[PDB]
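Structure first, commentary second.
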Amino acid sequence: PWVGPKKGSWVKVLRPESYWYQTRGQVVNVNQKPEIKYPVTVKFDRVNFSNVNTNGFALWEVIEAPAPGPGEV
Amino acid sequence: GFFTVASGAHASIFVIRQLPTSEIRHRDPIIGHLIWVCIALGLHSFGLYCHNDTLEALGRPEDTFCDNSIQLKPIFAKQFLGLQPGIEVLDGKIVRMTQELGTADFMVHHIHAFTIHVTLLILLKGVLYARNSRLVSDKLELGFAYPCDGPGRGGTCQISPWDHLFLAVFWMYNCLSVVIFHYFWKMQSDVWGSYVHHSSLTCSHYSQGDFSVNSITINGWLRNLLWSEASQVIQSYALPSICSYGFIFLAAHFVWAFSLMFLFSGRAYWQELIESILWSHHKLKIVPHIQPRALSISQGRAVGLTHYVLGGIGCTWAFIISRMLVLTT
Ligand code: CLA
Ligand code: CLA
Ligand code: CLA
Ligand SMILES: CC1=C(/C=C/C(C)=C/C=C/C(C)=C/C=C/C=C(C)/C=C/C=C(C)/C=C/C2=C(C)CCCC2(C)C)C(C)(C)CCC1
Ligand SMILES: CC1=C(C/C=C(\C)CCC[C@H](C)CCC[C@H](C)CCCC(C)C)C(=O)c2ccccc2C1=O
């Protein structure tokens, strides 16, 4: 079964040190291997200071959220 | 000055992009001796001025370097035109007059040499140490215009030829400002002016020939040149002719001061402030998708340098032009 969020669904990042903390991204993929500490892959339209668009998060660092509306990050 | 610093810049770029000449392989002696000559020149030339200031303040003019006191005669400054004695005049003005050199001219010329040599030192160091150095050995890989290599090895700030130019421009501006002040004051005091009646004329100069007596001290430069001759520009508001020059004087002071912002501050403070500000925009749903960023390090340096030079040049421009316009009319 799918351990993490569904592929393509929007997840709100809960990692305090993340550039996208409390903002939402799209789940690119989730690693089903139980040995992966940070399986979920989330991409965001806003590049961070290092011009990086995607990142890897653990199952406890992302929660399911609705897609951003107009003017929402 | 600007084109000389440009030549230094593009010499550095050529060294980065192409193979340098073999004089770069003993660069350490070259720059070491240039450093020594810069230090010795600055010490002697400027410390003569400082000695004059201190001794005159203490009340010992006999101990200062001047024509009446200990005098440094420019023996090598010899004539070559072989002109006839006298001056050339045209309708109440001195079109041509010989410039008489003394201790003040000696001191100011050696100040000129010192500043030229320090600017050359900065440019030559940037050119010769562009590819690599003892600090960082892959400066060629880093390129031409990079801010640093990191806080490591003590800190590698402004190791790039771009930053070497960024400093050589400051030094060129300093040199040219001193040159402009020397020319302006010397011409006003000893060359330009009117005359009052074989006929012998007593020449009334605009600055009253005070260069040879007051230029020997930094206080003399501050008082008789900046303060005394800023009367025209500083008091130009009511006058229709030069009110613009007075306003530009003020605005150039403002711009020069504003440059210090970028010259002293750093990227991270402004980036963090921008993020804190952007919090409110995001709160109110004002989301700029071209995400605001603080100016890069090199850009901040460039902006600071540009504003600094522009403000200084504007102040000098307005001051000299106001003085000349008022005096001649
Ligand atoms: C052991 C002491 C010593 C010695 C023998 C030298 C020797 C030299 N230095 Mg100097 N130098 C020293 C200390 C010393 N330095 C220190 C501590 C500094 C750091 C501020 C420098 C910074 C320095 C620079 C930046 C440069 C030199 C240069 C030179 C060379 C030319 C001479 C010159 O212009 O010096 C000028 C500088 C001096 C400090 C003079 C030498 C100091 C003497 C020996 C002091 C002896 C008396 C002392 C004050 C007694 C105090 C006693 C009290 C505390 C009880 C020469 C090889 C120049 C060079 O390389 O030219 C090619 C050069 O550009 N030096
Ligand atoms: C330190 C470097 C330096 C620099 C950049 C200048 C720059 C200038 N000097 Mg010179 N000058 C210097 C040293 C220097 N001087 C020294 C040490 C003295 C003796 C006190 C003088 C005495 C002097 C006079 C009297 C006059 C100038 C003038 C000038 C102008 C050039 C025209 C001229 O006649 O030059 C002449 C240049 C010299 C006489 C110096 C020769 C070059 C050096 C000193 C050779 C040393 C090398 C030696 C073989 C090895 C030394 C080893 C070391 C370990 C001790 C210009 C502003 C003229 C000017 O325009 O005045 C308004 C002028 O009238 N200078
Ligand atoms: C709050 C006080 C204040 C402040 C912060 C400033 C700030 C400034 N003034 Mg000043 N100014 C002030 C009060 C102040 N002024 C007052 C009360 C007046 C009277 C109305 C003036 C009149 C005035 C004039 C007329 C001018 C300035 C200049 C400037 C600018 C200097 C920029 C620079 O880098 O110079 C660098 C500093 C120097 C080049 C030194 C110049 C003065 C000394 C005494 C010359 C000594 C020469 C001697 C041969 C030794 C040289 C050594 C050499 C190695 C450098 C700057 C905006 C001048 C400028 O733009 O300079 C380029 C300029 O034109 N000011
Ligand atoms: C590129 C480069 C650069 C720059 C350079 C320059 C700036 C140069 C200049 C040059 C020059 C500008 C030169 C000139 C020369 C001159 C000459 C060579 C002349 C001489 C003279 C004579 C020889 C004379 C003599 C006399 C006498 C003494 C007396 C009487 C007689 C007679 C007149 C004969 C830099 C470093 C930045 C960087 C790297 C690269
Ligand atoms: C202030 C500052 C900033 C912040 C400055 C920024 C972001 C510049 C702002 C750019 C604006 C948006 C360009 C538009 C031009 C001006 C607003 C024009 C004003 C003209 C007046 C006459 C009204 C840096 O990012 C920085 C970085 C590195 C070293 C020093 C500094 C530095 O000093």
Side-chain angles (χ1 to χ4, degrees), chain A residues 50-51, chain B residues 1-39 41 112-179 259-267 293-313:
Chain A
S50 272
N51 281 75
Chain B
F2 267 107
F3 293 171
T4 305
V5 296
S7 188
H10 290 287
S12 306
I13 300 166
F14 163 81
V15 167
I16 287 297
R17 302 228 200 293
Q18 309 280 336
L19 310 203
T21 322
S22 269
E23 44 261 11
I24 196 170
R25 274 161 37 212
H26 71 277
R27 69 204 169 166
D28 274 86
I30 303 175
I31 302 297
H33 281 79
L34 191 39
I35 284 162
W36 167 80
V37 84
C38 288
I39 295 169
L41 267 166
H112 290 339
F114 157 61
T115 58
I116 284 164
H117 269 78
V118 178
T119 316
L120 179 64
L121 160 60
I122 301 163
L123 295 176
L124 266 183
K125 189 175 162 291
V127 168
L128 294 183
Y129 291 75
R131 283 182 97 84
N132 57 321
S133 60
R134 316 227 177 216
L135 198 58
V136 185
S137 320
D138 54 25
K139 309 225 289 168
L140 181 68
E141 303 303 327
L142 297 187
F144 167 77
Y146 47 103
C148 295
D149 185 44
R153 69 201 92 168
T156 62
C157 315
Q158 287 167 43
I159 50 153
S160 58
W162 192 98
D163 300 276
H164 283 79
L165 171 143
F166 154 76
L167 305 161
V169 173
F170 281 112
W171 257 95
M172 162 276 282
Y173 159 84
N174 184 40
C175 174
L176 260 289
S177 292
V178 177
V179 171
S259 86
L260 305 188
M261 196 175 180
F262 303 79
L263 287 185
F264 299 167
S265 41
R267 228 207 72 100
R293 289 283 190 269
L295 309 176
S296 67
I297 305 155
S298 287
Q299 164 155 34
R301 285 168 190 152
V303 170
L305 179 72
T306 303
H307 286 59
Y308 191 102
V309 172
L310 179 64
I313 290 285

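FYI, side chains are in, hydrogens and waters are out, and symmetry mates aren't considered; it's all heavy atoms of this structure. Numbered from 1 within each chain, the chains take letters A, B, ... in sequence-line order.
In terms of heavy atoms, B/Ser259 sits closest to B/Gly304 at CB-O, 3.4 Å. Taking every heavy atom of both residues into account, B/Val127 and B/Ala11 meet most closely at CG2-CB, 3.7 Å. Closest of all the heavy-atom pairs between B/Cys148 and B/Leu142 is O-CD1, 4.3 Å. Considering every non-hydrogen atom in both B/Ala168 and B/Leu123, the closest pair reads CB-CD2, 3.2 Å. Between B/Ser137 and B/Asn132, the shortest heavy-atom distance links the atoms O-CB, 3.5 Å.
Applying the salt bridge (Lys or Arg N to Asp or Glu O under 4.0 Å) rule to pairs touching residues 157-166 of chain B yields B/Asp163-B/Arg301, sequence neighbours excluded.
Side-chain contact check for B/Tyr146 versus B/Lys139: some heavy-atom pair is nearer than 4.5 Å. The closest side-chain heavy-atom distance from B/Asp28 to B/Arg134 is below 4.5 Å. Proximity of B/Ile31 to B/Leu124: side-chain heavy atoms (C-beta onward) are separated by under 4.5 Å at one or more points.
Distance alone, capped at 3.5 Å, places no donor-acceptor pair between the B/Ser7 side chain and the B/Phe3 backbone. Judged purely by atom type and a 3.5 angstrom limit, B/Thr156 uses its side chain to pair as donor or acceptor with the backbone of B/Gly150.
Checked against B/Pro20 for a side chain to side chain contact (heavy atoms under 4.5 Å, CB included), the options B/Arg27, B/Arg25, B/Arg131 give a single hit: B/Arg131. No option in B/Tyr173, B/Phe114, B/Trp171 other than B/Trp171 meets the side chain to side chain contact (heavy atoms under 4.5 Å, CB included) test with B/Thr119.
A perpendicular orientation is assigned to the rings of B/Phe166 and B/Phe170, their planes being inclined by more than 60° (bins at 30° and 60°).
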Could you go step by step and tell me if B/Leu121 and B/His117 meet the side-chain contact (heavy atoms from CB on, under 4.5 Å) rule? CA-CA 6 Å; B/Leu121 160 60; B/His117 269 78; over 6 Å; no
Evaluate the criterion side-chain contact (heavy atoms from CB on, under 4.5 Å) for residue pair B/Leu167 and B/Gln158; output intermediate values, then yes/no. CA-CA 9 Å; B/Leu167 305 161; B/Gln158 287 167 43; 3.7 Å; yes
